[PDB]
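Okay, so here's the structure we're looking at.
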Amino acid sequence: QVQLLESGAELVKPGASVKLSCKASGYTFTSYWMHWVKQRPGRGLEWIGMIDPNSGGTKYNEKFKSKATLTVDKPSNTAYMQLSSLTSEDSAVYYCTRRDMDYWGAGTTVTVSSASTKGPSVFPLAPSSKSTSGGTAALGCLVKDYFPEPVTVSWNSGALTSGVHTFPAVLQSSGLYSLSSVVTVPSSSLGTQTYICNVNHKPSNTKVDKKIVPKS
Amino acid sequence: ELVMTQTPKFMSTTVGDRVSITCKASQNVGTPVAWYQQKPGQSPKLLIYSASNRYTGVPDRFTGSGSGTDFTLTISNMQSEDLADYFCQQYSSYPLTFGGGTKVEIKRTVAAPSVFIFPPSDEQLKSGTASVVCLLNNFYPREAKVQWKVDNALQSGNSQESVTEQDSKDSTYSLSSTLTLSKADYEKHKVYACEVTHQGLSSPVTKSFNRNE
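Line by line, the protein sequences are chains H and L. Numbering-wise (the authors' numbering), the first sequence opens with residue 1 and increments by one. Numbering-wise (the authors' numbering), the second sequence opens with residue 1 and increments by one.
What follows is the structure, given as structure tokens:
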């Protein structure tokens, strides 16, 4: 099956430069051309450039032409885009897609700040056996004080996915992002089933597992 | 540069209604136009290429039409599974261009929210901060007023809120509000109250607690 796995979210200091990866497989790499697309928070979509895996020839959007550069590696089937002189405008999500954009990558989140990373703390939103009724109970995890985006959170190692609501991140005044993840479940299971939220923050190489038990 | 202007910016239909999105070019392109669907979270999915052909898999309810400079995409039987953002693209002249995108929500009967409150974990208290979280689950429309009242007193500026994207199955939204204060003040007052005034209730419904343990 066709897959385009790419670099994990990376934080980069203003002025530095990053090189993003895009490992292909499931298809003859040297045949189809490769694209790169910049998204950037809540905005449109901007095509960056195109690169021919085989020959090596390329075509850029006469805008990122100077800031970005596309290269490949015939052997390992990996496309590389390098950004230089990064600024706040450069912060965005980057996608590498195949020629007819039928297959895209999950995208890499590139955040440009002089600030430095900070792993999130994780506090449990305890199921309130008294303030969480109606036949069903709500419980969750508070993911607080981390930077930069993004942080991904799944429950019971991905085994639980129904009733899960992971709220969009909020930027606090401190300049750090905060966020929470809740889940509704049958009240009757609070005393037997264990709920664990798995929080991942690649930018700081952090992985936290927190058990949420009914508060007493 | 061929500017693809997309309209509208935010549409909103009902389940079963039809949706129409137009994309105008600044100059004739021909037939090399496409449309993508991006659901909140994941990346875009190709829906239609060459102005009217459907990519294998895309259900017949999605229709791409028009030609020359004006293109349009139509959703015949809008179903909750089509809730998302849609994008128009042009690939006849470099650089490839995208339209501003359209966000597609869904209208539905009202739903009052199910409100819950969570006192701060003993854990966080130690770190010298007390975050209090109030949750408003599955309601519609999204216009909701969450007011935080600590011991009959109203707060302001000391709390933030986040709202989910439209549930891809309930067509509802959900909101969380976090009252962020010092471990200091939290130990002082005793009554923490969350009052929500939704256009689905008669009087402001409220959930609250009192520092138990």
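All residues carry an ideal CB built from backbone N, CA and C; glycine is no exception.
Hey, does residue i have any beta-carbon neighbour from chain H nearer than 9 Å?
i      : result
L:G200 : no
L:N137 : yes
L:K39  : no
L:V133 : yes
L:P44  : yes
L:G128 : no
L:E195 : no
L:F10  : no
L:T69  : no
L:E213 : yes
L:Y186 : no
L:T180 : yes
L:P32  : no
L:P204 : no
Below 8 Å on C-beta distance, what does residue i contact in chain H?
i      : result
L:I117 : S128, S131
L:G101 : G44, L45
L:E123 : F123, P124
L:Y55  : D102
L:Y49  : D100
Is residue i helix, strand or coil by DSSP?
i      : result
H:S17  : coil
L:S208 : strand
H:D73  : strand
L:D151 : coil
H:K65  : coil
H:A24  : strand
H:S121 : strand
L:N53  : strand
L:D60  : coil
L:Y186 : helix
H:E89  : helix
H:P203 : helix
H:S189 : helix
H:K59  : strand
L:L125 : helix
Name the chain H residues whose beta carbon is nearer than 7 Å to that of residue i?
i      : result
L:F209 : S131
L:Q166 : Near L:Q166 there are no residues of chain H at all, since even the closest Cβ is about 12 Å away, more than 7 Å.
L:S114 : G134
Closest to residue i by C-alpha separation, out of the options, would be which residue?
i                      : options                       : result
H:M50                  : H:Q172, H:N200, H:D100        : H:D100
H:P214                 : H:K202, H:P168, H:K130        : H:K130
H:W47                  : H:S55, H:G56, H:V37, H:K19    : H:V37
H:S162                 : H:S174, H:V185, H:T136        : H:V185
H:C197                 : H:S121, H:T136, H:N205        : H:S121
L:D185                 : L:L125, L:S174, L:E165        : L:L125
H:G57                  : H:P41, H:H35, H:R43           : H:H35
L:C134                 : L:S50, L:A111, L:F116, L:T13  : L:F116
residue 274 of chain H : H:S7, H:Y94, H:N156           : Chain H is shown from 1 up to 216; residue 274 of chain H falls before or after that span and cannot be answered.
L:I106                 : L:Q90, L:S80, L:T63, L:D122   : L:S80
H:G44                  : L:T22, L:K103, L:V146         : L:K103
L:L96                  : H:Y60, H:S25, H:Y32           : H:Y60
H:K23                  : H:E62, H:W33, H:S76           : H:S76
L:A153                 : L:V191, L:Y49, L:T109         : L:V191
H:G134                 : H:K67, H:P148, H:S187         : H:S187
L:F10                  : L:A84, L:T63, L:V58           : L:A84
L:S171                 : L:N77, L:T13, L:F118          : L:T13
L:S131                 : L:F118, L:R108, L:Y94, L:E143 : L:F118
L:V163                 : L:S156, L:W148, L:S174        : L:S174
L:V29                  : L:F87, L:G57, L:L2, L:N53     : L:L2
H:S21                  : H:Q82, H:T152, H:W33          : H:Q82
H:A115                 : H:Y177, H:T192, H:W33, H:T30  : H:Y177
Please report whether the beta-carbon of residue i lies at a distance below 9 Å from any beta-carbon of chain L.
i      : result
H:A92  : no
H:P124 : yes
H:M34  : no
H:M81  : no
H:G105 : yes
H:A138 : yes
H:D100 : yes
H:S216 : yes
Residues of chain L with CB closer than 7 Å to the CB of residue i, please, in chain order.
i      : result
H:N61  : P95
H:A24  : Result: empty, since nearest Cβ-Cβ is about 15 Å, beyond 7 Å.
H:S180 : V133, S176
H:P168 : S162
H:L142 : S131, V133
H:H165 : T164, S174
Residue i touches chain L at which residues, Cβ-Cβ below 8 Å?
i      : result
H:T184 : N137
Can you pull the chain L neighbours of residue i, defined as C-beta to C-beta under 9 Å?
i      : result
H:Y95  : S43, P44
H:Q172 : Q160, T180
Where the region 137-163 of chain L meets chain H: residues whose CB sits under 9 Å from a CB there: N137, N138, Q160, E161, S162, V163
Residues in the region 59-92 of chain L having any Cβ partner in chain H nearer than 7 Å: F87
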